[PDB]
Amino acid sequence: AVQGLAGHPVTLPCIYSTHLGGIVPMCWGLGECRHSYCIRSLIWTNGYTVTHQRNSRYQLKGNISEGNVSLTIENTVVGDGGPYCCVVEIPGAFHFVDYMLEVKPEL
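How each quantity is defined
Residues numbered from 1 in each chain as written, not as in the entry; some residues may be left out. Heavy atoms only, no water. Helix = DSSP H or I, 4+ residues; strand = E, 2+ residues; numbered from the N terminus. Rg over C-alpha atoms; globule rule 2.2 N^0.38 Å. Buried < 20%, exposed > 50% of the residue type's maximum accessible area, 1.4 Å probe, protein only. Contact = heavy atoms within 4.5 Å. Areas by Shrake-Rupley, 256 points an atom, 1.4 Å probe, with all protein chains shown as cover. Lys, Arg positive; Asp, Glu negative; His and termini not counted. Charge placed at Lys NZ, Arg CZ, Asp CG, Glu CD.

- What the entry reports as its method is X-ray crystallography, with 1.5 Å given for the resolution.

Spelled out as structure tokens, the structure:
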């Protein structure tokens, strides 16, 4: 489980090769990948920029068009803990990443 600290940002890595996958859309969602995928969406990109976001705390601060679609959750709270899913819609070879985030109250 990725460890986070309340009051600080936390980043969940999600990266893919655009050389082999092309520049494609991706989404982040709350929940485990096989039970929700992106039904409870946090982020949607069109491959180049974020086109949908649940709220401003969910940011893609990396170079999106170069494959870095890692999610940074700003100003985390213990309540942000839980499962997260990244889905990169690479035609014919979707990439999935499951994370269990644990944000500690202090430390």
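1. Here's the deal with the overall build of the protein
Part 1 of the reasoning: Counting its regular elements, the protein contains 2 helices and 9 strands.
Part 2 of the reasoning: Element order for the protein, N to C, with α for helix and β for strand: β-β-α-β-α-β-β-β-β-β-β.
Part 3 of the reasoning: For 107 residues, the compact-globule formula gives about 13 Å, and the C-alpha radius of gyration of the protein, at 13 Å, lands near that figure.
Part 4 of the reasoning: With the principal axes as the frame, the protein shows a C-alpha extent of 40 × 25 × 20 Å.
Part 5 of the reasoning: Counting every position in the protein, which comprises 107 residues, the buried fraction comes to 39%.
Part 6 of the reasoning: Residue pairs at least 24 apart in sequence account for 53% of intrachain contacts in the protein once pairs closer than 6 positions are excluded.
Part 7 of the reasoning: For the protein, the accessible area works out to roughly 5,700 Å², and carbon and sulfur atoms hold 54% of it.
Part 8 of the reasoning: When the 6 basic and 8 acidic side-chain charges of the protein are each reduced to a single mean position, those positions are 5 Å apart.

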